[PDB]
Structures are given as structure tokens and as C-alpha cells.
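Sequence order for the protein chains is BR, Bb, BF, BG, BT and BY.
The entry's author numbering applies: residue 17 is where the first sequence begins, and numbers increase by one.
The entry's author numbering applies: residue 1 is where the second sequence begins, and numbers increase by one.
The entry's author numbering applies: residue 1 is where the third sequence begins, and numbers increase by one.
Count the fourth sequence with the entry's author numbering and you get residues 22 to 167, 176 to 244, in order.
The entry's author numbering applies: residue 3 is where the fifth sequence begins, and numbers increase by one.
The entry's author numbering applies: residue 1 is where the sixth sequence begins, and numbers increase by one.
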Amino acid sequence: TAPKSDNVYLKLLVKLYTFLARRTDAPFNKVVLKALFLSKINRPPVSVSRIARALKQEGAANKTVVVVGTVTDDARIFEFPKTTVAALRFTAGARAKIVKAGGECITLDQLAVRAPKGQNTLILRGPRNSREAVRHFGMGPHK
Amino acid sequence: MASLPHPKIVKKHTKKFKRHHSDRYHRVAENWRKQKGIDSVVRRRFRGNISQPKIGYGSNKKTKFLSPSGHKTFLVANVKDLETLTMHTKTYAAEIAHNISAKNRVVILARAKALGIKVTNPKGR
Amino acid sequence: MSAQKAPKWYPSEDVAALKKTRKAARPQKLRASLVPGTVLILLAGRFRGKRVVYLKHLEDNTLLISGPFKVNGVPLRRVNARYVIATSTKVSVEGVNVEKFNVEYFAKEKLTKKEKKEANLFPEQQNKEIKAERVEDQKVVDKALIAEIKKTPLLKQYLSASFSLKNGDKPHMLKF
Amino acid sequence: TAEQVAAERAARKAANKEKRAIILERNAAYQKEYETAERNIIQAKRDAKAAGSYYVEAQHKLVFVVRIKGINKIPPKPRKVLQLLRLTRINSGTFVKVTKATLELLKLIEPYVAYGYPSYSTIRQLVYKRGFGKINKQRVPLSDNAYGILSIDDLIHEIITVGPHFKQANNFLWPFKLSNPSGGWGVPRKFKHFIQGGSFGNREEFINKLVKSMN
Amino acid sequence: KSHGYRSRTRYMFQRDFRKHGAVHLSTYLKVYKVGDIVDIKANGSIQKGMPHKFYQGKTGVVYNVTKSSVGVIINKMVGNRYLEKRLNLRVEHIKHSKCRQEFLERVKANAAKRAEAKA
Amino acid sequence: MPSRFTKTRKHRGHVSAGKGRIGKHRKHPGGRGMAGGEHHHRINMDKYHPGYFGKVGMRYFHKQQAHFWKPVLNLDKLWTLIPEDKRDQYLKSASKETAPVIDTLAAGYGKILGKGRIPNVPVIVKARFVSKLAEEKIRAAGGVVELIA
RNA sequence: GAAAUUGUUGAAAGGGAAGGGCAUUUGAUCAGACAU
RNA sequence: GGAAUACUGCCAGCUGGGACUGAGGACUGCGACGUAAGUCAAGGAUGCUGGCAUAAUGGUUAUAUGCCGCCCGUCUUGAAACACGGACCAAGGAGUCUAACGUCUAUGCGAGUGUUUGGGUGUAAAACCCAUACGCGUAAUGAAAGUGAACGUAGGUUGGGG
RNA sequence: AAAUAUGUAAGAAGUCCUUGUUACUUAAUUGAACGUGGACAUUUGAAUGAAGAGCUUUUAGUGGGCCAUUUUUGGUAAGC
Numbered sequence: 017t018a019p020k021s022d023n024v025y026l027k028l029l030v031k032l033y034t035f036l037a038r039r040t041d042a043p044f045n046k047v048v049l050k051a052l053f054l055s056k057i058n059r060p061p062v063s064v065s066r067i068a069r070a071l072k073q074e075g076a077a078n079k080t081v082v083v084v085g086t087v088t089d090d091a092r093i094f095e096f097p098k099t100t101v102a103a104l105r106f107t108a109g110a111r112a113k114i115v116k117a118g119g120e121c122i123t124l125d126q127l128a129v130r131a132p133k134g135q136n137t138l139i140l141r142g143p144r145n146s147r148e149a150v151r152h153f154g155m156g157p158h159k
Numbered sequence: 001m002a003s004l005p006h007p008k009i010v011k012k013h014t015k016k017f018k019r020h021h022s023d024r025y026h027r028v029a030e031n032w033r034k035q036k037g038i039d040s041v042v043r044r045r046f047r048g049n050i051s052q053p054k055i056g057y058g059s060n061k062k063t064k065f066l067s068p069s070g071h072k073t074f075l076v077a078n079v080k081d082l083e084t085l086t087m088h089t090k091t092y093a094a095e096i097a098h099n100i101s102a103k104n105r106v107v108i109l110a111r112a113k114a115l116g117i118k119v120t121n122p123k124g125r
Numbered sequence: 001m002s003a004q005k006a007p008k009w010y011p012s013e014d015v016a017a018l019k020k021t022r023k024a025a026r027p028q029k030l031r032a033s034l035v036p037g038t039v040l041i042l043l044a045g046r047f048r049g050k051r052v053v054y055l056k057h058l059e060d061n062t063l064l065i066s067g068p069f070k071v072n073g074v075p076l077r078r079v080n081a082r083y084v085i086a087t088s089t090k091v092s093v094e095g096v097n098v099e100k101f102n103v104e105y106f107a108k109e110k111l112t113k114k115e116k117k118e119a120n121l122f123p124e125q126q127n128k129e130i131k132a133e134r135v136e137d138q139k140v141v142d143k144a145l146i147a148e149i150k151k152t153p154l155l156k157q158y159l160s161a162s163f164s165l166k167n168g169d170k171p172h173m174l175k176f
Numbered sequence: 022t023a024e025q026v027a028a029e030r031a032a033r034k035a036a037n038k039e040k041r042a043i044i045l046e047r048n049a050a051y052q053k054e055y056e057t058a059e060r061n062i063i064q065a066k067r068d069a070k071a072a073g074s075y076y077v078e079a080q081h082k083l084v085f086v087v088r089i090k091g092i093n094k095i096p097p098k099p100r101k102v103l104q105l106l107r108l109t110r111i112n113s114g115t116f117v118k119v120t121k122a123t124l125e126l127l128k129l130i131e132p133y134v135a136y137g138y139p140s141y142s143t144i145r146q147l148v149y150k151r152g153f154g155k156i157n158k159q160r161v162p163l164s165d166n167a176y177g178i179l180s181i182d183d184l185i186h187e188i189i190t191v192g193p194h195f196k197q198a199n200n201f202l203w204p205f206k207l208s209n210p211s212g213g214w215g216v217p218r219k220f221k222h223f224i225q226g227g228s229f230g231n232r233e234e235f236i237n238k239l240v241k242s243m244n
Numbered sequence: 003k004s005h006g007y008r009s010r011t012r013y014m015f016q017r018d019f020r021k022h023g024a025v026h027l028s029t030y031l032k033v034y035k036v037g038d039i040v041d042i043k044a045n046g047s048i049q050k051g052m053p054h055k056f057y058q059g060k061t062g063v064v065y066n067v068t069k070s071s072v073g074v075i076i077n078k079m080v081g082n083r084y085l086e087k088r089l090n091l092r093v094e095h096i097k098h099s100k101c102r103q104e105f106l107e108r109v110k111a112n113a114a115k116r117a118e119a120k121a
Numbered sequence: 001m002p003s004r005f006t007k008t009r010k011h012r013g014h015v016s017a018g019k020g021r022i023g024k025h026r027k028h029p030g031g032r033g034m035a036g037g038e039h040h041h042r043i044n045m046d047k048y049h050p051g052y053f054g055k056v057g058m059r060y061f062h063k064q065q066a067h068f069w070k071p072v073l074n075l076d077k078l079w080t081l082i083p084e085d086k087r088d089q090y091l092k093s094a095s096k097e098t099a100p101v102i103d104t105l106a107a108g109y110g111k112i113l114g115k116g117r118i119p120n121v122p123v124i125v126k127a128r129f130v131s132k133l134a135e136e137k138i139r140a141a142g143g144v145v146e147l148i149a
């Protein structure tokens, strides 16, 4: 599996990771492989606001958030955050505001020739739609 | 291009396997067709009657599509094409074409005649 | 469970205040003299469903039978040697047991006591009047599965290596 | 230099070496444990008729309980029973310890299976022969995902005197795929029985032979 | 022939033998426990502490104790899926149980430390 | 258009569905279109819906309410986070140092209500009130709202 | 200039009937393998 | 008294008769045998010695012959049916289209997103370019008048895991 | 008053110890419910099995059924 089909490049990434993993020991790989695979839903779309709450604090932030998908602008009028964390793509305001911060928009490949280990990397992925539920008639969720 | 002992190990049903009642009634035609009907003694498969045919009868990879006696094939049908096989031997080997003319043909032979390659459509016109 | 044993007071049934359950046994074999005292077992029959004290002190080839303690028809014929008689004593133990433990003409099942098997005949008196003295004349002979059985010592010794050794006994019979 | 190619070697070789003179400082030796007792019990019964009784002696092992029938049209409980006593094939067969959660089950199946009651040799062969692995045989080799202990002759040396870590051992062996009767058949009608002839029941003794012909 | 809420009950919701009336004022004392496992058992004297049929014989666990006589609850679940339904029974109808292996929890643990020092 | 049907044009004499055991016209769909009201095909799911599954509210003859909305959890973007700008100073106070005017010419830009946090010193132009938690929030930090008679 | 279908030549088979399926005998016919 | 056979076993004890089967550099790794170089077989299938044949061997095919096999499609618990359709060939014939929607899965953007009609232009139904709009979405709840969110957590912890 | 079938429970996140929270009712050092700190789990009857396990969406057909063995209802009976 892991496929997904499309953007060759997108595929190439799969390789480098599938290439690591099985290869490398560890986890942050295993995880980010079976992650590289997943379909457009159940694939969040974590926002800087997130990648921010997340970092600072939780008692650790010298780590590199690795949101395996897009990564939204959002508007938390101030704070944020100066950290290095990326992957799939990033929205304007994002790698932009993440550029004010400013850490490094990591491009999940680069962030592997670095992340070679996996240490100080926080895998942050999150949320549920968009749609409820079903099935309205109890009552319960709506529509 | 040394060939697995699978000459005649191909494969069973050396035998058309053709449409059911059609071995009879007039405008019943080609093949396999699985009398897909609610009763036909075939689709059921009581003793006697056609034999239907289904994966597992298939031919054993290590002597699969080639398959010939020589082995492989290709309608070499334009000199350069009739290369496309130059360095590659034996295994694989060419056939001319429904299409490929009379003149051009003697060549195609010729040319490959020497390039080292085998013509199935040996003859032709 | 369970384990080990003994007994020795009557034949049989004993030692309660806690009690027994099963079959202190000794494979009720036989059968002295030539071809008398025989497994005579009635073919002359309308089927397996029968039995009752066959034992002609009559003569021998002058032996006689029965058909129940009695109340579905209870007959009583004679016999002599090789007919409604031989030649199977059962398929024993295993059918031979079913039998004994279907002498619930006194309340058992998997309970206490065993043969406790009624009166005499070389049942006891046999391995119970005397105590097979040779059980001693047994010790004398060690003899062992020994000689060639066995002979591993003077043979398979060179194989007790293969014992667990897929090894030597892979070398020959047992492969893939 | 590549004397490292001769490093592991000295090891491996001698290494293997040890283990086996081990596999065999034992694998015989035990064929005395086994032998030893088999005489005792004899002698025991004899000390019996040294006087009286003795000597009722209980067992225990059990019993290759080998499926003497089918799939198509079988019970509904007694089905799942078979399934969990784990024997999903016609003429197939496992081994199961004589414990009442075993026994009980056995009986709930008795009708349609065949509680033999293993012999020694029958175990050897029924091991070694068709018997082995989730995939075949090489001693301490494969047989040391043990790890309690190793030796095909040790899988036996447990199984055929079960107890101790023992029968998580029997968790191992896809079991049987034994032969259909081979020589003899088992008299006339089989698929119903016990005594009365047939099959369907718990021989002993005469539990082996109907196995003896198979593997 | 009809399907009323005590239907068929003629012998289930039976009574007694000779104990044919009046709650054993013991069966009335005794204290619940927002956790302890109860075992339904209807008794015609009462009548909330009548447990509407199916939940007959069925043992569950006290989830409510409105101890003002109002017995507890428990639920259990039933057929197809097991959707666990809860029923507010009354103090006169339910009874203790055989969680009486905690006696052997004890036996265990204790005898097992006395096993520590023993070993 | 090699759909999923063509794969069917062969095996079975139908697909949808079971030979002759069903397959009719506007048919079995009891009625042609949302029919089986309180009768046939009913089972709820459902209902109300301020329209068609149980009627009751109040009528009129309507028109256009008011293009409103804009929360205060972000009265910063609002229209002035442009640059921005009149930024992290203090103004100071009222006068004309930081006036963002949440509105338009015909039907609105919001009713500054929201959650939020703010921090510094915005003047807020509007009429869409409001929130009074809003008020209490802007003035939380030198905040001051103005309306339009 | 297909087919249904008809003529002729040529072969083959037939004790109330049509024609399958597996193996082979016989006859007819064909490919490969050519080893230089 | 002294054996003897019978019968039931289990050998790691010897050897005959037949049958079918051969699917990978080394290697291997497990072993044995040999006191010793090395040998088997042990493993990776089976390798050896000798003979035959310019149509020999198989492929089709039509025949005979042993055995077996009833009409399909059809709705039916139930079809060979003493149920219906069909004498025989050709060529035609049937889940499409649209509006508007549910999932789910691609792709772009992404707190935003789509140009919409309509402008600009053009090698002219193309392609490429863009307004003040609009639609949907970022707020909910009420019949309605209204009123409307922290602490993108430190008046949310609590067990959950990766 | 059976047999068959039918509820539960099981080794164990569990006990054992220390105290802390207020709307609860006890007169409360009364408990209740919850939570901190502390001793021991791989656990010394349960057995036997696991091609993990859990979970979410969706959308076909189906709704005319028929056989047997036992247990039965009607009916002289029934290929009812």
C-alpha cells in the first residue's frame, strides 16, 4: 500500500522514507511512512496556531514539528514561536509567518537528511470534519 | 533461451474450450462464455459436458508466454523494428506481418537473416 | 489424576470414609486344559443381548449355558467346542471393561471399588490365593529389553546421538 | 585480515559441536529415564502379586485424539468444540492433556473424533515422521525457538510425559494431516462407534495402530 | 394468547412454598453499595421490586442506589447486539452474589506474602 | 463511458437486480417522489426542518436583514491588520490613532461580538454594537467603540 | 459477395437418432526440433 | 518340576520384489565417515553407463471403441418437464442524458475559495488576462423581539494511547 | 422435582495501607463518592484455542421459501 497515486515527486518522497524505515530502526519513520500514505481526509491540515500551541510549551519545543500535510495560516494576533517544522506543503501566511518566527520550512525530505535520527521531532496531526454524523434519529448528531 | 522441461507441460486443455450448447444449435458461436443461466447443466457442472476452464488451468510461468518451441515472438514489421531484437538473441524471435509487403519483406528476412535473428513467418510471400 | 494402588481383602470393594471409584483389575484371562473350558460363545442367536454363568462340570465338549438372571425369556442350551463358541474372547479390555462397568447390578459408574466380582473360579485363588511366587522368580531374571532391542548400547549408542540429533537420523529415514 | 572469516568459524563449529554433545549428553541418557521407569511399573504390578493387590496405575498423556470424520454437516456445539481442541481437517489430529477441561471436551466430541491415547514409538514417529514444526526439522536448529528446551527428541521428551512448561510446546505442530487408514481400515462401519466396533471412540492401546498406519 | 406485561409469569414471579408472605425483615435491612453486584429475583409481595420479566434471574451491578428503598439498577444487555439496558429495581427484590472469590483474592495475596517470607 | 455498467452488459441478465425478483418502473418506489407521508414508506429522519417535516413558527412577506457577523477574536485582521501599521504603540488613547471602521455603504461588515484576546489599543468604529463582552473587552485595553446616531 | 440455404466432386459414417465429455486404435494432415 | 510355542509390543536390526516423481555460481547450514589427505551420500533438485530414430515423436482431425452425458433461456421450494419463448440466418436492440444532491477518492488553493454574466485581447467558440459583485464557507440559538464564546487553555482537569 | 439448555464471576490493573476534598445524610473520629503519597503484579487450577484487535463510513441484492432427524398443535388421516 502507502501509494496514494499522483505527483510522482509525492511518490519519490514515499521512497526516501520507505527507503529509510525497514532500513533505519526507530519509529518517527514507520509513523511518517504509514503517514505519507493516508488519504485526503483523516489527513488533518494543522495550522500554525496549532503548530504553536503545540510547541510552547508542553515542556519541549527545541523539537521540530512534523505536520505530515498542508499547514494553515491562522491568526493568533502575536506570539509564535520561532521553530523549524514542516512537510507536505504550507499556506501563504504560514511559511511566511513561520518565516517571521523564524525557523525553517523543513520540506519533509530535507527534514530527514536532517531528521535522519528523528529526535526532537514532534508529529502533530489533528481533527474531525466537516461532517456529522450519521445518523440523526435518537436524537443525537444533526442533519 | 535454454527451455524448462515444460515443452508439453503446457498445460492441459490443449483443446479449444468452446461455447456450450453451440456445439450444436446454429448461431451459437465463439467461446468460454459460461452459460451464466439459472439451470444449464454446465454452469452447474454435473458429469459429462464442456469443461469451462478457469485460472488454475493456466500455463506455468517458467515456460509461460514463450511458449513456441523456439521462444517468444514479435511481428517485426519494419527493419529497424526487425532489430529492436538485435542484441537480445534468442530468446525472443520475430514474425513478419499481415501488413508487411513483398519487396520490403525479402529485406526484413535478409537484414535479420544476418543480424542473428529468427523468422517465424519464415516464408512468407 | 490419579495414581498407584493395592488392596487385598475379599475380591473386592473397600476402604471408605472417603472411598474409591474404578477398576483394580488383572485382565481376566484363562483357560487351562486342551480345548475345553473354552471360549464357547453362542452364535446360535437372535443377536448381542444375553449371558449368564456357563460352566459345565458336566464334562468338556460337554459344556452348557444360560440367558439372563431372568425375565424376558431366560433359556439354557449346551455346547461342546468349535461353533456357537470360539474364537474371540472379545476385543478385550476396551470392550471387556464396558462389560464390567455395565455390571451396575449393584450401583456404580465411576464411583468406588472395582472388580469386586462375585464368588470364585481361578479369578482369585489364582493371583490371590497364592501371590504368584514367580513375581519373585521374576527378580532373578533382569534380562532387560536388552540384547537386541535395546542393543543401542552395542549399536544405536552410535545413534543416541541422532536421538535428538535430527543429524544421524536425518542421515537415512525421515527427510524432505 | 579476513581471519574474521575464520573468527565466527572456530566458534560456530565448536559452538555447534558443544550443543550436540549436549543434545546427546542428554538425548540418550533420557532414553534411560524413559526406559528406567518402564521396568519399574512392570516390577510394581509384580510386587502386587507378590501379594495383593496391587496395582491400579493411572494415565494421563492423551491421546492424539484424531478426527475420524468430516466437515460437511457436523453438530453445532460439538463443532466449535473440535475447532478449539483445534483440529479442522478430516483424518487429522493433535494431542491433548488428560485434564478434565480437556476430558470433558473430549467427550462432548467423542461421538465424532477418536481419543486414542499415545504410545512412545507412536509419538516418536508421529513426531519425526509427519510430525514436525510449523515448517519441518533441524534440531536445536529450528527446534530452538524452544525457550524452555530444545531437541526434536526433546519435543518428544516433553510431549510424551507432559507436564512442566510442557504443553505450550504442543502449541507447536500444525499437528497432523495423517494418512487415511493406510493399511487396515478399522472394521466395517467406522463413522459411528466405540466398542461395538467402528471408530468414533477412545481405544488406548489399539489407539496407536489406527494411528500406526499414518503420518 | 395476549401479551401483557406479566404474561406467562404465572410461575416465574411465583411464590414461596410455605414462605408465602411478608419480607424477611433481614432481606430488608442490609446496605447496598454504588458498586456491589446484585442478583435480581422478583417477589410478588413487593411491586416495583418486580423486575419486568426478562430481567428475571439475571445478575448485574448496582448503578444508582436511590437508597430510599429505591433499590439500585445495573443493566445487563441482550441479543443481536448486547445494548446494555438499565433497570431501576427496588430494595426488596434484589440479592447479593458469588463475587465470593474476593475471599480467595485475600487467601491469595495474603498467603502469597506469607509466601514471600516463606520463600 | 466505461462506467461500472458496461462491466455488466453480459453476466447476469440484469444486475439491478435479482433476475425477476424485482426491477419495475416508477414502481416499488411506492410513489413517484417524496410520497409515503404519514403512511407507507415512513420511518423518520426527519423531521421539522423549518419547512417540510412538521410545520410551526411564524410568517411574513420578507426582505434583507443586515450583512453582519465579524467577531472580536480578530477585530485585528478586521480591515487594518493591513500593514500593519498604526501598530504596537499606544496611539495614544482616543483621538485618531488606530481607528478601524467595521462597515460599508449599504448592508454591513459585522457586529463586533466574538471571543478573542486583543491586547493594545484599538478604536472600534461600528454600530453592529455589541457583545458588551466585546465592549468590556476592547475597553479592556484602551478600547473605545462608536456608532452612527 | 459472409450466412441461412442449394447443386456437383471428393472422402466418412450409419439395427428407431443429434450433437457432446474423458483415453486410445486407424487413417488423413501439420509444426517444431536439425544438432552444422 | 522344567521348558516350549501361541498371542500383543517397541528396535535406534539386517536384505529381496514393484511402482510413479527430478522445478537455479558456491556456496550453503545443518552431518556424518575417516586417527590420518579426504570421501559419500549430508544440501541445492538426479547424476551416470550404453542403444535407437529421417518423419521416428508429439498437434490437430474424422472415425470407430469402454464409460459417461436428457434443452437452453425462464419465475420459481420446486424444470428435461405432461409449465411458458424459440423452425433457420444474417444486420439492428436496451441503465443513457440533465438539474440538483451523499458518501469516497484524486487535484488547487486554503481561512478562505470559484469566476459567475461581463469586460481585455486573440493565430477567434481556442487559448491566455480582470471589476464594487455574488455563492458557499469562518456563529450559534430562538416561533420571535433579541442576544450572541476566553481563557488555539493555563476557573479542563480526568483516564487514552502513537 | 430432573437432563438440555440459561445468567453471572475467574487471573486479577487487583486488592492492602496513608490521608485530602463538599452539595449530599449521620451527633460526629458518619460514611459516602471521588483524588494524593506508599507494598506486591507477571502473578502458585482454571482449561483450550487465536491468521491481533478494535473502529468508521457507506451501498447491493433479500423480504414467495422448502427439506429432513428429534419435540411437538390441529386433523380419522396426508407427498395436509
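All residues carry an ideal CB built from backbone N, CA and C; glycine is no exception.
In chain order, what residues of the same chain have a beta carbon less than 7 Å from the beta carbon of residue i, not counting five sequence neighbours either side?
i                       : result
residue 200 of chain Bb : Outside the shown range of chain Bb (1 to 125) lies residue 200 of chain Bb, about which nothing can therefore be said.
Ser-3 of chain Bb       : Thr-63, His-71
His-40 of chain BY      : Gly-30
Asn-61 of chain BF      : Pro-36, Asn-80, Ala-81
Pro-97 of chain BR      : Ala-68, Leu-71, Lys-72, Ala-117
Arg-42 of chain BY      : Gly-36
Interface residues of chain BR around residue i at Cβ under 8 Å?
i                  : result
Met-45 of chain BY : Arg-151, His-152, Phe-153
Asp-76 of chain BY : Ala-91, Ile-93
In chain order, what residues of the same chain lie with their CB nearer than 6 Å to the CB of residue i, ignoring the 5 residues before and after it?
i                   : result
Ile-41 of chain BF  : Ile-85
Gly-134 of chain BR : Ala-42, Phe-44
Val-39 of chain BF  : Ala-86, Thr-89
With a 10 Å radius around its C-beta and 16 neighbouring C-beta atoms as the bar for buried, classify residue i as buried or exposed.
i                   : result
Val-74 of chain BF  : exposed
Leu-127 of chain BG : buried
Identify the contact partners of residue i in chain BG, using a Cβ-Cβ distance below 7 Å as the criterion.
i                 : result
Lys-5 of chain BF : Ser-74, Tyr-75, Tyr-76, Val-77, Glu-78
Quick one: list the residues of chain BG neighbouring residue i, beta-carbon separation under 8 Å, in chain order.
i                   : result
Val-35 of chain BF  : None at all; the shortest Cβ gap to chain BG is about 27 Å.
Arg-22 of chain BF  : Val-77
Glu-136 of chain BF : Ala-71
Which chain Bb residues are close to residue i, counting only those with a beta carbon under 9 Å from its beta carbon?
i                  : result
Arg-12 of chain BY : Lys-36
Can you find the residues in the same chain that come closer than 8 Å, C-beta to C-beta, to residue i, ignoring five residues on each side of it along the sequence?
i                 : result
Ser-9 of chain BT : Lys-55
Exercise. Determine which residues of the region 30-42 of chain Bb have a Cβ less than 8 Å from any Cβ of chain BY, and write them out in chain order.
Key: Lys-34, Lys-36, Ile-38
Quiz prompt | Cβ contact check for the region 9-17 of chain Bb and the region 51-68 of chain Bb: 3 or more pairs under 8 Å | solution = yes
Self-check item: Contact list for the region 133-161 of chain BG against chain BF, Cβ threshold 7 Å
Solution: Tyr-149, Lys-150, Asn-157, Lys-158, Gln-159, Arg-160
Quiz item: In chain order, what residues of the region 214-232 of chain BG put their CB closer than 7 Å to some CB of chain BF?
Solution: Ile-224, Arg-232
Quiz item: Does the region 86-95 of chain BR come within contact of the region 107-124 of chain BR, defined as at least 3 CB pairs closer than 8 Å?
Solution: yes
Quiz item: In the region 95-122 of chain BY, which residues sit with their C-beta less than 9 Å from some C-beta in chain BR, listed in chain order?
Solution: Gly-116, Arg-117, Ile-118, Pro-119
Practice problem: Flag this pair as touching only if the region 129-142 of chain BG and the region 94-109 of chain BG have three or more C-beta atom pairs under 8 Å; answer yes or no. | Solution: yes
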